[PDB]
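Participant: Please read through the structure below; I'll follow up with questions.
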There are 2 protein chains.
Amino acid sequence: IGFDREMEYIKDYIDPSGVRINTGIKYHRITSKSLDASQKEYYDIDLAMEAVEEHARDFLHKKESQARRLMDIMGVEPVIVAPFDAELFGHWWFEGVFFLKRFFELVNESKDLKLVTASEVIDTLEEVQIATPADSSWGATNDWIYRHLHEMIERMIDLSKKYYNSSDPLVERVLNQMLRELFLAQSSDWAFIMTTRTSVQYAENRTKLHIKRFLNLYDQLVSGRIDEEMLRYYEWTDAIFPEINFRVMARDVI
Amino acid sequence: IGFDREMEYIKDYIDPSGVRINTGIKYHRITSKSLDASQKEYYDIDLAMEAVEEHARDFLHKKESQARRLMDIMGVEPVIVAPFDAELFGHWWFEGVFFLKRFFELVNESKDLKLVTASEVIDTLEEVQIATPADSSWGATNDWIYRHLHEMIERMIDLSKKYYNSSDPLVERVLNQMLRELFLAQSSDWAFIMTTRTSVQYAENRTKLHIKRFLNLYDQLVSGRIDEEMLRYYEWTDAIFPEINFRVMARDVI
């Protein structure tokens with residue numbers, strides 16, 4: 001309705017800038033494969049529930065079928081690992097948690113299938129093979145950012161060792177915020193993100209912002225001119241791990 | 001040299017971003033009307049001084065000539081008012097203050113001419129006509145900014161009258177920063193500026209930044225939820241008139 005409702009009606013639920021955005025109250029169903037979004041029909045939550053009921057039994061029958069085939073080929077119970085982005089359930093797909101609930105209840109009734117958590121399985125399994133996993137990920141210039149990351153990590157390590165035994169709580173606050181800044185600049189989100197309406201823009205702006213904040217602190221530290229008001233500004237805006245200790249960076253490796 | 005000197009040489013005198021900027025040390029003279037800037041010859045400060053000596057006598061002779069003509073037509077001493085942007089002397093034109101100094105010394109020797117300040121003239125003049133000046137300036141959409149300015153001024157006046165007699169020093173701090181924000185958004189600089197390498201970009205970004213800060217404070221005030229940490233942030237970054245008093249906005253007009 002933030003795109004549909006009249007501007008005077010909708011003004012103080014969109015952006016203070018006056019730009020149209022999503023409100024969270026939405027009235028249409030997907031309707032069809034049409035590219036003409038104006039032809040979309042109104043949402044009926046009862047039909048939507050009928051869809052989840054069908055889909056949840058589709059998925060159930062697929063997992064039972066897969067289980068039985070695997071038991072017969074394996075001779076032990078398969079553990080079927082199925083990870084999803086959380087926001088896929090309820091956010092991208094409004095009915096997702098409803099689906100999750102129906103699928104759980106169905107699996108609960110199933111004679112072919114059990115829901116397990118991952119810690120239940122490590123606590124229960126007696127035969128498990130030993131193996132070493134290959135380099136991998138679940139995977140999908142611009143190198144001013146990289147040489148800066150390189151120098152920040154290298155510098156962060158130096159200073160954490162250099163001030164390992166310091167008891168100066170100002171230097172410590174500074175080093176602690178440097179690490180936060182460094183970590184904040186490392187967010188994968190800012191790099192090859194899972195940003196919805198993100199666009200490589202707020203993102204590389206994020207990265208550089210944290211790089212710059214880190215270099216500011218580095219400069220004040222290295223030269224005696226710690227600027228306490230700026231540091232407090234940084235502590236406030238970039239407040240992530242209050243309990244952090246820069247000394248994590250001075251530990252051995254290998 | 002920030003554009004000419006080799007990158008490894010010049011790195012920590014340009015932008016921390018690595019982008020080439022002006023350093024303030026410059027070796028070429030204008031040389032000619034050529035569009036080919038690479039053909040520029042090296043600066044010789046002695047020839048440059050010879051130029052100021054010539055120019056300063058040109059200008060002197062022009063003002064003496066103008067004075068004599070005016071005295072003869074007027075029957076009283078002319079006051080020749082010549083205003084310039086300060087940065088034109090020494091910044092745009094490196095030799096400008098040298099020119100200013102030579103012109104003063106020449107006027108000092110001149111038998112046709114006297115340097116005056118403006119307060120000397122108002123303190124000295126006996127005949128002065130009475131007149132009313134016409135609307136004028138020394139002059140040279142995008143209206144989201146305007147309706148926001150309109151509402152900010154209107155709101156600022158309301159609240160200054162509403163809290164005229166308040167003794168709450170938090171409300172006062174808030175109202176005082178609102179006025180700063182409002183004034184900061186009014187800078188002509190951000191509107192039809194005298195921005196050198198400014199570009200309508202940092203500028204309208206400036207304006208909107210102050211508009212937004214003002215609206216944030218307005219919202220906290222109007223609803224009981226003054227946010228003291230944000231207010232202190234604003235007091236710190238936008239620190240312009242520490243002694244201001246929002247009550248200036250509650251005075252009568254007309």
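Quick note on naming: the chains in the structure tokens go A, B, ... in the order shown, residues restart at 1 in each chain, and ligands are numbered from 1 in order of appearance.
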Mind checking which residues fall within 12 Å of residue 57 of chain A, counting only C-alpha atoms, ignoring those fewer than 3 positions away in the same chain, and posting them as a list in words?

Facilitator: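 The filter keeps residues 50, 51, 52, 53, 54, 60, 61, 62, 63, 64, 65, 99, 100, 101, 102, 103, 104, 105, 106, 107, 109 and 110 of chain A.
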
Participant: Produce a table with one row for each residue of chain B that has an atom at most 9 Å from any atom of chain A, each row naming the nearest atom pair and its distance in Å at one decimal; use only C-alpha atoms; arrange rows by chain and rising residue number; format as a Markdown table.

Facilitator:
| residue | atom | partner | partner_atom | distance |
| --- | --- | --- | --- | --- |
| B:16 | CA | A:212 | CA | 8.6 |
| B:17 | CA | A:144 | CA | 8.5 |
| B:18 | CA | A:144 | CA | 8.8 |
| B:144 | CA | A:17 | CA | 8.5 |
| B:212 | CA | A:16 | CA | 8.6 |
| B:229 | CA | A:236 | CA | 8.8 |
| B:233 | CA | A:233 | CA | 7.6 |
| B:236 | CA | A:229 | CA | 8.8 |

Participant: Would you list the contacts of residue 245 of chain A as a PyMOL selection string, taking every protein, DNA or RNA residue within 10 Å and counting only C-alpha atoms, but skipping same-chain residues closer than 6 positions in sequence?

Facilitator: chain A and resi 160+172-173+175-177+179-180

Participant: Which distance in Å separates atom CA of residue 183 of chain B and atom CA of residue 227 of chain B, to one decimal?

Facilitator: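 For atom CA of residue 183 of chain B relative to atom CA of residue 227 of chain B, the distance reads 21.5 Å.
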
Participant: Residues at most 12 Å from segment 154-158 of chain A, counting only C-alpha atoms, excluding those fewer than 4 positions away in the same chain, as an NGL selection string?

Facilitator: :A and (147-150 or 162-164 or 174-183 or 214-215 or 217-219 or 221-222 or 246-253)

Participant: Go ahead and dump the residues you just picked, N, CA and C atoms, as a compact mmCIF listing (two decimals), in the first residue's frame.

Facilitator:
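Output saved as selection.txt:
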# COMPACT_ATOMS: atom_id res chain seq x y z
N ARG A 147 44.14 -4.21 -0.47
CA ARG A 147 45.41 -3.82 0.12
C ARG A 147 45.20 -3.07 1.42
N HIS A 148 44.07 -2.39 1.56
CA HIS A 148 43.76 -1.81 2.86
C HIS A 148 43.45 -2.84 3.93
N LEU A 149 42.72 -3.89 3.55
CA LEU A 149 42.47 -4.98 4.47
C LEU A 149 43.77 -5.69 4.90
N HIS A 150 44.62 -5.98 3.93
CA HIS A 150 45.92 -6.52 4.17
C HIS A 150 46.71 -5.70 5.21
N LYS A 162 52.60 -5.65 20.45
CA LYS A 162 53.22 -4.47 21.07
C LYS A 162 52.54 -3.99 22.36
N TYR A 163 51.21 -4.00 22.44
CA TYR A 163 50.55 -3.51 23.65
C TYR A 163 49.91 -4.62 24.44
N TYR A 164 50.39 -5.84 24.22
CA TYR A 164 49.87 -7.01 24.92
C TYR A 164 49.77 -6.79 26.43
N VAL A 174 41.13 2.05 22.32
CA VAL A 174 41.46 2.38 20.94
C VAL A 174 41.69 1.12 20.12
N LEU A 175 42.45 0.20 20.70
CA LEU A 175 42.77 -1.03 20.05
C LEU A 175 41.52 -1.90 19.91
N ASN A 176 40.68 -1.91 20.93
CA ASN A 176 39.41 -2.60 20.87
C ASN A 176 38.46 -2.09 19.76
N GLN A 177 38.44 -0.78 19.53
CA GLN A 177 37.60 -0.20 18.46
C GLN A 177 38.26 -0.42 17.11
N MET A 178 39.57 -0.38 17.05
CA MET A 178 40.20 -0.78 15.80
C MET A 178 39.76 -2.19 15.34
N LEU A 179 39.69 -3.14 16.26
CA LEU A 179 39.36 -4.52 15.90
C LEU A 179 37.92 -4.63 15.42
N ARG A 180 37.03 -3.91 16.09
CA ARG A 180 35.65 -3.80 15.67
C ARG A 180 35.50 -3.26 14.27
N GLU A 181 36.23 -2.19 13.99
CA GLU A 181 36.25 -1.53 12.70
C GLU A 181 36.73 -2.51 11.62
N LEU A 182 37.82 -3.19 11.92
CA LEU A 182 38.40 -4.23 11.05
C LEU A 182 37.40 -5.37 10.78
N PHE A 183 36.67 -5.82 11.80
CA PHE A 183 35.77 -6.93 11.68
C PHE A 183 34.57 -6.44 10.83
N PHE A 214 39.11 2.91 11.03
CA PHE A 214 40.26 2.17 11.54
C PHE A 214 41.55 2.97 11.36
N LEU A 215 41.72 3.57 10.18
CA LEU A 215 42.95 4.31 9.91
C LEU A 215 43.09 5.59 10.76
N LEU A 217 41.92 5.86 13.83
CA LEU A 217 42.40 5.44 15.15
C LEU A 217 43.87 5.04 15.11
N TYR A 218 44.27 4.40 14.02
CA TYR A 218 45.63 3.94 13.88
C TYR A 218 46.55 5.13 13.97
N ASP A 219 46.20 6.18 13.22
CA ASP A 219 46.97 7.41 13.20
C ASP A 219 47.07 8.13 14.54
N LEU A 221 46.90 6.74 17.41
CA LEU A 221 47.59 5.89 18.37
C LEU A 221 49.07 6.00 18.13
N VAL A 222 49.46 5.79 16.89
CA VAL A 222 50.84 5.79 16.45
C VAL A 222 51.56 7.13 16.68
N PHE A 246 41.26 -6.73 22.35
CA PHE A 246 42.10 -6.69 21.16
C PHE A 246 43.15 -7.74 21.21
N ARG A 247 43.40 -8.28 22.42
CA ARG A 247 44.47 -9.28 22.62
C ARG A 247 44.26 -10.63 21.92
N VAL A 248 42.98 -10.96 21.61
CA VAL A 248 42.70 -12.06 20.63
C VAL A 248 43.63 -12.03 19.43
N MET A 249 44.08 -10.86 19.02
CA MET A 249 44.90 -10.77 17.77
C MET A 249 46.36 -11.06 17.99
N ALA A 250 46.74 -11.20 19.25
CA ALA A 250 48.15 -11.46 19.53
C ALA A 250 48.47 -12.96 19.75
N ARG A 251 47.45 -13.84 19.66
CA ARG A 251 47.63 -15.28 19.93
C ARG A 251 48.42 -15.98 18.86
N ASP A 252 49.00 -17.13 19.20
CA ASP A 252 49.72 -17.91 18.17
C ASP A 252 48.74 -18.55 17.19
N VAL A 253 49.32 -18.96 16.07
CA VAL A 253 48.60 -19.64 15.05
C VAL A 253 49.38 -20.87 14.61

Participant: Write down as a ChimeraX atom specification the residues of segment 70-146 of chain B whose backbone DSSP state falls under helix (DSSP H, G or I).

Facilitator: /B:70-74,86-88,96-109,118-124,144-146

Participant: With C-alpha atoms kept, could you save the residues just selected as a PDB file, in the first residue's frame?

Facilitator:
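That gives us result.pdb:
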ATOM      1  CA  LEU B  70      34.361  62.588 -10.709  1.00  0.00           C
ATOM      2  CA  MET B  71      35.570  65.478  -8.517  1.00  0.00           C
ATOM      3  CA  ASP B  72      35.262  67.764 -11.527  1.00  0.00           C
ATOM      4  CA  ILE B  73      31.682  66.524 -12.290  1.00  0.00           C
ATOM      5  CA  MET B  74      30.516  66.218  -8.627  1.00  0.00           C
ATOM      6  CA  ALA B  86      39.034  37.691  -0.261  1.00  0.00           C
ATOM      7  CA  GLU B  87      40.338  34.389  -1.725  1.00  0.00           C
ATOM      8  CA  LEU B  88      40.768  36.074  -5.074  1.00  0.00           C
ATOM      9  CA  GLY B  96      47.190  39.055  -5.105  1.00  0.00           C
ATOM     10  CA  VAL B  97      48.285  40.217  -1.672  1.00  0.00           C
ATOM     11  CA  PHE B  98      51.566  41.519  -3.174  1.00  0.00           C
ATOM     12  CA  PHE B  99      49.368  43.492  -5.580  1.00  0.00           C
ATOM     13  CA  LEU B 100      47.254  44.731  -2.667  1.00  0.00           C
ATOM     14  CA  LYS B 101      50.351  45.906  -0.845  1.00  0.00           C
ATOM     15  CA  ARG B 102      51.820  47.722  -3.810  1.00  0.00           C
ATOM     16  CA  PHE B 103      48.494  49.353  -4.628  1.00  0.00           C
ATOM     17  CA  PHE B 104      48.157  50.603  -1.059  1.00  0.00           C
ATOM     18  CA  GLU B 105      51.679  52.047  -1.056  1.00  0.00           C
ATOM     19  CA  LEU B 106      51.017  53.735  -4.398  1.00  0.00           C
ATOM     20  CA  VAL B 107      47.683  55.186  -3.212  1.00  0.00           C
ATOM     21  CA  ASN B 108      49.472  56.363  -0.102  1.00  0.00           C
ATOM     22  CA  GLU B 109      51.940  58.352  -2.300  1.00  0.00           C
ATOM     23  CA  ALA B 118      33.941  52.570   5.528  1.00  0.00           C
ATOM     24  CA  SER B 119      33.592  53.674   9.159  1.00  0.00           C
ATOM     25  CA  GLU B 120      35.972  56.634   8.464  1.00  0.00           C
ATOM     26  CA  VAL B 121      33.646  57.789   5.760  1.00  0.00           C
ATOM     27  CA  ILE B 122      30.403  57.613   7.799  1.00  0.00           C
ATOM     28  CA  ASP B 123      32.252  59.471  10.617  1.00  0.00           C
ATOM     29  CA  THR B 124      33.498  62.186   8.213  1.00  0.00           C
ATOM     30  CA  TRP B 144      11.570  19.346  -1.514  1.00  0.00           C
ATOM     31  CA  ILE B 145      14.259  21.480   0.152  1.00  0.00           C
ATOM     32  CA  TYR B 146      11.989  24.552   0.085  1.00  0.00           C
TER      33      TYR B 146
END

Participant: Can you pull out every residue within 9 Å of residue 184 of chain A, counting only C-alpha atoms, but drop anything in the same chain fewer than 3 positions away, and send it as a list in words?

Facilitator: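 Listed by chain and then number, they are residues 179, 180, 181, 187, 206, 207, 210, 211, 238 and 240 of chain A.
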
Participant: Can you work out the spacing between atom CA of residue 32 of chain A and atom CA of residue 89 of chain A in Å, to one decimal?

Facilitator: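 We find that atom CA of residue 32 of chain A and atom CA of residue 89 of chain A lie 21.0 Å from each other.
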
Participant: How many Å separate atom CA of residue 23 of chain A from atom CA of residue 10 of chain A?

Facilitator: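 The value is 9.5 Å.
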
Participant: Can you tell me, as a PyMOL selection string, what residues are no more than 10 Å from residue 7 of chain A when counting only C-alpha atoms, ignoring any on the same chain fewer than 4 positions away?

Facilitator: chain A and resi 2-3+11-12+14+18-20
